[PDB]
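Asks: Quick one: the structure is below, and I'll ask about it shortly.
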Amino acid sequence: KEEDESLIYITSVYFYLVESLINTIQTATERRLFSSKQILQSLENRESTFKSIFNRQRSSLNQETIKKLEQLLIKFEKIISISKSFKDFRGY
Amino acid sequence: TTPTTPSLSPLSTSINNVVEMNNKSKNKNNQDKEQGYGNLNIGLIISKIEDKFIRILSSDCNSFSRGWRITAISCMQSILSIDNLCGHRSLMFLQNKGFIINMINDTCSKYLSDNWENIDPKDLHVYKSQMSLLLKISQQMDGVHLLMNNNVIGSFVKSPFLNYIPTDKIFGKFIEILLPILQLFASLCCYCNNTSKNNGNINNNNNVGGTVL
Amino acid sequence: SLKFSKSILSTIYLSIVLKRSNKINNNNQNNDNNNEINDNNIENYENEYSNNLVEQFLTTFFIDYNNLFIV
């Protein structure tokens with residue numbers, strides 16, 4: 001929480017770890033954990049945090065490393081969309 | 001606890017009158033707490049130890065000499081009468097260790113094979129307690145499913161004993177072995193009726209795919 | 001202990017009185033509107049619980065243990 005570049009780094013590792021977990025989730029029970037309020041609210045806090053710091057630094061970062069973070073944001077928005085699709089594939 | 005008294009049904013009460021719904025939740029929320037807390041204390045002891053206790057007991061149910069094998073199997077029978085309060089976890093743990101199919105194979109090969117006439121009467125009580133544990137499993141919804149997911153009817157029906165036409169000098173020993181099978185097969189028919197309450201109150205997202213038959 | 005007992009009973013009397021006025025008002029409005037998380041469930045749960053509590057409080061007072069009227 002002390003440096004933007006470090007918070008961007010560890011939040012990127014966390015979302016790539018969640019990208020591994022989305023390729024190991026099989027059962028209805030696991031889809032019920034990944035759609036839990038606590039996981040979903042962490043993912044949305046992590047996206048909001050990264051998206052805030054990214055737009056704080058979109059004026060100092062270079063035009064490849066900006067795209068590297070814009071390609072990450074579209075993954076994080078998809079990861080939250082999977083935590084939500086696995087939530088509403090529960091009503092059917 | 002001992003049984004509650006039966007709740008007499010005044011069948012003639014068909015007309016209009018309004019008020020005495022709203023007091024009927026109240027006092028059940030006491031006796032259902034008071035029987036609830038003791039059973040929840042037992043459940044909140046088992047559900048901390050489970051993975052080690054049911055593992056030791058299901059090992060002992062096949063690792064013990066004759067007399068204490070029966071004691072371990074009857075301990076398992078008594079625990080499955082309570083496993084509903086854990087959430088059918090001991091039953092699910094037994095399938096997650098192959099214990100149900102291994103006990104079916106331990107049953108058919110040793111008591112329902114061609115040598116059934118020669119079974120030792122001490123180990124005929126090991127058969128009766130193994131069958132009483134299958135009867136205790138079929139007394140549950142998920143238990144009927146788990147017995148069919150191990151082909152129970154087909155795996156008894158393939159066994160030599162059932163092809164046998166009995167004759168008088170041993171007929172009682174044939175009834176002693178056929179009766180628990182017919183109890184188990186009748187028990188598998190029972191749960192297959194609870195499909196009729198599908199009031200679509202969507203608003204509370206809750207996927208556990210418990211297999212409604 | 002007798003102060004604290006008086007102060008419980010005086011606060012229970014006040015809550016039953018306020019609940020009796022609200023049950024009168026809501027019993028009008030639940031006729032009038034029916035002829036032309038849900039936080040509603042919190043009022044219904046506190047309305048059962050604060051009846052059940054007053055009933056258990058009065059049974060634990062009256063059902064050797066000297067009835068507090070004796071003491």
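Every chain in the structure tokens has a letter given in the order shown (A, B, ...), and although residue numbers restart at 1 in each chain, ligands are simply numbered from 1 in the order shown.
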Would you kindly return, as a list in words, each protein, DNA or RNA residue with an atom no farther than 10 Å from any atom of residue 51 of chain A, considering only C-alpha atoms and excluding same-chain residues fewer than 4 positions away?

Replies: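 Final neighbour list, sorted by chain and number: residues 8, 45, 46, 47, 55, 56, 57, 69, 70, 73 and 76 of chain A.
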
Asks: Give the residues of chain C that lie within 12 Å of chain B; count only C-alpha atoms, and format the answer as number ranges by chain.

Replies: C: 27, 37-38, 44-56

Asks: Assign secondary structure with DSSP using the backbone only, and return the residues of segment 1-211 of chain B in alpha helix (DSSP H) as a ChimeraX atom specification.

Replies: /B:28-46,50-63,66-80,89-95,99-111,124-138,141-148,152-157,171-187

Asks: Using only C-alpha atoms, find each residue in chain A having at least one atom no more than 12 Å away from chain B; report its shortest atom-to-atom pair and that distance in Å (one decimal), rows by chain then rising number, as a Markdown table.

Replies:
| residue | atom | partner | partner_atom | distance |
| --- | --- | --- | --- | --- |
| A:27 | CA | B:209 | CA | 9.3 |
| A:28 | CA | B:208 | CA | 6.3 |
| A:29 | CA | B:208 | CA | 6.1 |
| A:30 | CA | B:208 | CA | 9.7 |
| A:31 | CA | B:207 | CA | 8.0 |
| A:32 | CA | B:207 | CA | 6.2 |
| A:33 | CA | B:207 | CA | 9.9 |
| A:34 | CA | B:207 | CA | 11.6 |
| A:35 | CA | B:205 | CA | 9.7 |
| A:36 | CA | B:206 | CA | 10.1 |
| A:37 | CA | B:205 | CA | 11.6 |
| A:84 | CA | B:205 | CA | 11.0 |
| A:85 | CA | B:205 | CA | 11.3 |
| A:86 | CA | B:207 | CA | 9.3 |
| A:87 | CA | B:205 | CA | 6.9 |
| A:88 | CA | B:205 | CA | 6.5 |
| A:89 | CA | B:207 | CA | 7.7 |
| A:90 | CA | B:207 | CA | 4.6 |
| A:91 | CA | B:205 | CA | 5.0 |
| A:92 | CA | B:205 | CA | 8.3 |

Asks: Residues as selected, N, CA, C and O atoms, written as a short mmCIF file (atom, residue, chain, number, x, y, z; two decimals), in the first residue's frame, can you do that?

Replies:
data_model
loop_
_atom_site.label_atom_id
_atom_site.label_comp_id
_atom_site.auth_asym_id
_atom_site.auth_seq_id
_atom_site.Cartn_x
_atom_site.Cartn_y
_atom_site.Cartn_z
N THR A 27 -16.60 -28.06 -10.23
CA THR A 27 -17.89 -28.44 -9.62
C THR A 27 -18.85 -27.27 -9.41
O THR A 27 -18.46 -26.10 -9.32
N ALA A 28 -20.14 -27.58 -9.26
CA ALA A 28 -21.15 -26.62 -8.82
C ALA A 28 -20.81 -25.97 -7.46
O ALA A 28 -21.03 -24.78 -7.26
N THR A 29 -20.21 -26.74 -6.54
CA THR A 29 -19.77 -26.28 -5.22
C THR A 29 -18.66 -25.23 -5.32
O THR A 29 -18.76 -24.18 -4.69
N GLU A 30 -17.67 -25.44 -6.17
CA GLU A 30 -16.61 -24.46 -6.45
C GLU A 30 -17.16 -23.18 -7.10
O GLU A 30 -16.84 -22.07 -6.68
N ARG A 31 -18.08 -23.31 -8.07
CA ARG A 31 -18.80 -22.17 -8.67
C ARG A 31 -19.57 -21.38 -7.60
O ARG A 31 -19.62 -20.14 -7.65
N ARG A 32 -20.11 -22.05 -6.56
CA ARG A 32 -20.73 -21.45 -5.36
C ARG A 32 -19.74 -20.76 -4.41
O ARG A 32 -20.13 -19.78 -3.78
N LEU A 33 -18.48 -21.19 -4.32
CA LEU A 33 -17.45 -20.43 -3.59
C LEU A 33 -16.98 -19.21 -4.40
O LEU A 33 -16.91 -18.11 -3.84
N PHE A 34 -16.72 -19.35 -5.70
CA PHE A 34 -16.19 -18.25 -6.53
C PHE A 34 -17.19 -17.10 -6.75
O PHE A 34 -16.80 -15.97 -7.02
N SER A 35 -18.48 -17.39 -6.59
CA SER A 35 -19.58 -16.41 -6.57
C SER A 35 -19.94 -15.88 -5.18
O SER A 35 -20.91 -15.13 -5.02
N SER A 36 -19.19 -16.26 -4.14
CA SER A 36 -19.41 -15.76 -2.78
C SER A 36 -19.14 -14.26 -2.68
O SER A 36 -18.24 -13.71 -3.32
N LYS A 37 -19.91 -13.57 -1.82
CA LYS A 37 -19.79 -12.11 -1.62
C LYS A 37 -18.37 -11.67 -1.25
O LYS A 37 -17.95 -10.61 -1.69
N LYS A 84 -19.54 -13.23 -11.34
CA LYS A 84 -20.96 -12.89 -11.49
C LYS A 84 -21.75 -13.90 -12.34
O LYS A 84 -22.85 -14.27 -11.94
N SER A 85 -21.22 -14.42 -13.45
CA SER A 85 -21.93 -15.46 -14.21
C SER A 85 -22.05 -16.74 -13.39
O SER A 85 -23.15 -17.27 -13.27
N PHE A 86 -20.99 -17.16 -12.69
CA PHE A 86 -21.05 -18.24 -11.70
C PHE A 86 -21.97 -17.92 -10.51
O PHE A 86 -22.32 -18.86 -9.80
N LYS A 87 -22.37 -16.66 -10.26
CA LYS A 87 -23.37 -16.29 -9.24
C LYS A 87 -24.81 -16.48 -9.72
O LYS A 87 -25.65 -16.87 -8.92
N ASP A 88 -25.08 -16.16 -10.98
CA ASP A 88 -26.43 -16.15 -11.54
C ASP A 88 -26.80 -17.39 -12.37
O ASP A 88 -27.98 -17.70 -12.50
N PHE A 89 -25.81 -18.24 -12.70
CA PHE A 89 -25.95 -19.69 -12.96
C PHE A 89 -26.20 -20.48 -11.64
O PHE A 89 -25.52 -21.46 -11.31
N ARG A 90 -27.08 -19.92 -10.79
CA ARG A 90 -27.49 -20.44 -9.47
C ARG A 90 -28.95 -20.10 -9.14
O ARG A 90 -29.30 -20.05 -7.96
N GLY A 91 -29.74 -19.75 -10.15
CA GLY A 91 -31.13 -19.27 -10.07
C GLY A 91 -31.98 -19.68 -11.29
O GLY A 91 -33.19 -19.87 -11.14
N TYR A 92 -31.34 -19.89 -12.45
CA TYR A 92 -31.24 -21.26 -12.96
C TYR A 92 -30.05 -21.90 -12.23
O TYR A 92 -30.27 -22.76 -11.35
#

Asks: Atom CA of residue 107 of chain B and atom CA of residue 160 of chain B, how far apart in Å?

Replies: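 Taking atom CA of residue 160 of chain B and atom CA of residue 107 of chain B, their separation equals 12.3 Å.
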
Asks: Do a neighbour search on segment 13-16 of chain A at 9 Å with only C-alpha atoms, toss out local chain neighbours closer than 4 positions, and write the hits as a PDB file with N, CA, C and O atoms, in the first residue's frame.

Replies:
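Okay, selection.pdb is ready:
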ATOM      1  N   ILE A   8       0.426  -2.197  -8.076  1.00  0.00           N
ATOM      2  CA  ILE A   8       0.156  -2.682  -9.439  1.00  0.00           C
ATOM      3  C   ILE A   8       0.771  -4.071  -9.651  1.00  0.00           C
ATOM      4  O   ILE A   8       0.089  -4.949 -10.184  1.00  0.00           O
ATOM      5  N   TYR A   9       2.018  -4.295  -9.222  1.00  0.00           N
ATOM      6  CA  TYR A   9       2.699  -5.584  -9.369  1.00  0.00           C
ATOM      7  C   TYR A   9       1.968  -6.712  -8.622  1.00  0.00           C
ATOM      8  O   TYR A   9       1.480  -7.642  -9.264  1.00  0.00           O
ATOM      9  N   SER A  20      -5.495 -18.598 -12.960  1.00  0.00           N
ATOM     10  CA  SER A  20      -5.238 -20.036 -12.751  1.00  0.00           C
ATOM     11  C   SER A  20      -6.442 -20.735 -12.112  1.00  0.00           C
ATOM     12  O   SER A  20      -6.920 -21.727 -12.660  1.00  0.00           O
ATOM     13  N   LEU A  21      -6.982 -20.190 -11.015  1.00  0.00           N
ATOM     14  CA  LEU A  21      -8.118 -20.778 -10.293  1.00  0.00           C
ATOM     15  C   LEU A  21      -9.363 -20.953 -11.186  1.00  0.00           C
ATOM     16  O   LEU A  21     -10.030 -21.982 -11.132  1.00  0.00           O
ATOM     17  N   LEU A  43     -12.373  -9.059  -5.429  1.00  0.00           N
ATOM     18  CA  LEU A  43     -12.099  -8.836  -6.856  1.00  0.00           C
ATOM     19  C   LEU A  43     -12.493  -7.412  -7.292  1.00  0.00           C
ATOM     20  O   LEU A  43     -11.695  -6.726  -7.930  1.00  0.00           O
ATOM     21  N   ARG A  46     -10.084  -4.911  -5.732  1.00  0.00           N
ATOM     22  CA  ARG A  46      -8.779  -5.059  -6.404  1.00  0.00           C
ATOM     23  C   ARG A  46      -8.789  -4.394  -7.780  1.00  0.00           C
ATOM     24  O   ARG A  46      -7.856  -3.658  -8.095  1.00  0.00           O
ATOM     25  N   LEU A  72      -4.533  -5.978 -19.142  1.00  0.00           N
ATOM     26  CA  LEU A  72      -4.809  -6.547 -17.818  1.00  0.00           C
ATOM     27  C   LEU A  72      -6.195  -6.143 -17.306  1.00  0.00           C
ATOM     28  O   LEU A  72      -6.937  -7.004 -16.847  1.00  0.00           O
ATOM     29  N   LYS A  75      -8.924  -8.245 -18.687  1.00  0.00           N
ATOM     30  CA  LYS A  75      -8.952  -9.541 -17.985  1.00  0.00           C
ATOM     31  C   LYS A  75      -9.648  -9.436 -16.632  1.00  0.00           C
ATOM     32  O   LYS A  75     -10.462 -10.297 -16.326  1.00  0.00           O
ATOM     33  N   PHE A  76      -9.355  -8.413 -15.832  1.00  0.00           N
ATOM     34  CA  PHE A  76      -9.913  -8.270 -14.480  1.00  0.00           C
ATOM     35  C   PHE A  76     -11.432  -8.046 -14.529  1.00  0.00           C
ATOM     36  O   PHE A  76     -12.186  -8.675 -13.786  1.00  0.00           O
ATOM     37  N   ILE A  79     -12.798 -11.438 -15.278  1.00  0.00           N
ATOM     38  CA  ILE A  79     -12.716 -12.251 -14.048  1.00  0.00           C
ATOM     39  C   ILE A  79     -13.889 -11.936 -13.106  1.00  0.00           C
ATOM     40  O   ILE A  79     -14.563 -12.850 -12.630  1.00  0.00           O
TER      41      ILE A  79
END

Asks: Suppose you want the space between atom CA of residue 98 of chain B and atom CA of residue 155 of chain B; what is it in Å?

Replies: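 Atom CA of residue 155 of chain B lies 15.1 Å from atom CA of residue 98 of chain B.
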
Asks: Have a look at atom CA of residue 170 of chain B and atom CA of residue 131 of chain B and let me know their distance in Å, one decimal.

Replies: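 Here the two named atoms are 20.7 Å from each other.
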
Asks: What's around segment 110-120 of chain B at 8 Å? Count only C-alpha atoms, leave out sequence neighbours fewer than 5 positions away in its own chain, and write the answer as a list in words.

Replies: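 The residues satisfying every condition are residues 127, 156, 159, 160, 161, 162, 170 and 173 of chain B.
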
Asks: Using only C-alpha atoms, find the one residue out of B:84, B:71, B:77, B:59 that sits nearest to residue 97 of chain B.

Replies: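 Result for the nearest residue to residue 97 of chain B: B:59.
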
Asks: Can you tell me which residues surround segment 45-48 of chain B at a distance of at most 10 Å, considering only C-alpha atoms, apart from same-chain residues fewer than 3 positions away, and format the answer as a ChimeraX atom specification?

Replies: /B:39-42,51-54,79,82-83,85-87,89-90
